């Protein structure tokens, strides 16, 4: 896509994120002053602030997906839709998005697809119990290159010791390349991505 245009879009998402942070800061400041007043109970404001922080999380995640992926794929909306659906169903998923660095020496290929990337196809691949669900999907731009791929697992001792093999594979690949690797937990439906050896929670 047009990198100049996409840069503008990234920048506007960043603006929106900062604006929700400012909204939350303002509401906390109001609460901090209101608690001193006998005719106020700041408990009535907690739902509002929780939602404000949920919005911060959503906007920031949208920002980083756009900033990190827009130069490398035109399919981020399709990927995000698939991820949301998989999360809701608690279907484990592991989606590698190739970036500037080539990955064929780091990934052991399961089944080659070279398919048009769509959300239904991503969701079908990760349906529990099916032949292609166990392992990683590789995405290059707007194609699903392959599925059921084997990735290197992090051996980092700075573990989150509760992390399963899906998460460790994302982290492990992200340590050896500039790939961004999305994970959906089969246990909780929590969605994450790994980039440069670090796992980040996202809410999409």
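Residue numbers count along the first chain shown, from 1.
Stretches compared: 138 to 146, 162 to 170. Higher mean C-alpha B-factor in the entry: 162 to 170. Taking the mean C-alpha B-factor of each stretch as recorded, 114 to 122 and 127 to 135 are not equal, and the higher mean is that of 127 to 135. Among the modelled residues of the chain, residue 65 sits in the middle third by CA temperature factor in this PDB entry.
Ranked within its chain, residue 151 lands in the lowest third, by CA B factor from the PDB record. Ranked by C-alpha B-factor against the other modelled residues of its chain, residue 82 falls in the middle third. Residue 179: CA B factor lies in the lowest third for its chain, per the PDB record. In the deposited entry, the Cα temperature factor of residue 46 sits in the top third of values across the chain's modelled residues.
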